[PDB]
Amino acid sequence: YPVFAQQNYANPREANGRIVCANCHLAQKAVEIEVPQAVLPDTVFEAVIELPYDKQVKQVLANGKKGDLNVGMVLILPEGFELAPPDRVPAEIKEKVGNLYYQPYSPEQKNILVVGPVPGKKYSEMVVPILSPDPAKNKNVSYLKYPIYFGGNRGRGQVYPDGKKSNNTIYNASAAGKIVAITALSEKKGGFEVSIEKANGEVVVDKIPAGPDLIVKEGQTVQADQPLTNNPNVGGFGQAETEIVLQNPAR
Ligand code: HEC
């Protein structure tokens, strides 16, 4: 979630350009973003983003069942650019923005916006109203061709802030040995217990949450860290970059 980014990363974009959502949303899926080629200072314009995905395909949810995918994103604009305040947003654009609450990444990064989680079915494509700065009143800005970076995600991540795997990812054998037991963990609550008999005779019990399916059977020999399940992830995070020229009005 964007909140996870904000809570554990001071800056969403790293030196090499990767967005930190990618440290947890481990699958890549294209995204798109479009802004006008140029804009006059102190004027509102639109950033149209798209986080496409097959809406017919459901994902593994935290509770183990299957369900809809939700979306979120992080937008990195040049210093001085910001979310346009409502009073500056023309009605027809508000219409297209809909019911979304773009928030600044932090109070000190108003040029960095985020939104999500929100339903992917409804917000697969979003519009963001941006107010351009004015080089005249802001010494940190000039009449340049500026880059804009975007990170769009749809679907649950593979690992939490603590570094533990979510149930929406691949599970692996903790040790090498013979699977002498696969117990349908909990009563209709999902998950399994896979007992691996190590070569020394010790049995360790791997806990598999409900969601991913098993690809191993009783009596099967697995190598250390060998996969015991499929990869249930159907979502993904994508990055796109664009640019806009801050025009120098003239008279
Ligand atoms: C690891 C610390 C994460 C970072 C950094 C980001 N996300 Fe994440 N996200 C993560 C997990 C483990 C999950 C599942 C959480 C749960 O309660 O089950 C999520 C989920 C989302 C969602 C919801 C997706 C859905 O329900 O289909 C969204 C839309 C999402 N994440 C977006 C997102 C964005 C844009 C981020 C970058 C700024 C981001 N996440 C970072 C783990 C982590």
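Numbering, chain A: per Swiss-Prot, residues 32-282 in sequence.
Note that Cβ sites are derived from N, Cα and C of the backbone, with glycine treated the same way.
Now, the feature entries from Swiss-Prot:
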type	residues	note
BINDING	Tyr32, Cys52, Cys55, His56	heme binding site
Site diameter for heme, Å, by largest Cα distance between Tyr32, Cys52, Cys55, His56: 9
Non-site residues, in chain order, whose CB comes within 8 A of the mean position of the CB atoms of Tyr32, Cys52, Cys55, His56 at heme: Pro33, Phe35, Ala36, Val51, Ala53, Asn54, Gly103, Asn184, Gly188, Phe268
Cβ neighbour count within 10 Å of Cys52 (heme binding site): 26
Nonlocal residues around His56 (heme binding site), in sequence order (Cβ under 8 Å, 6 or more apart): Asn184, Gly186, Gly188, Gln189, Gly266, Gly267, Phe268
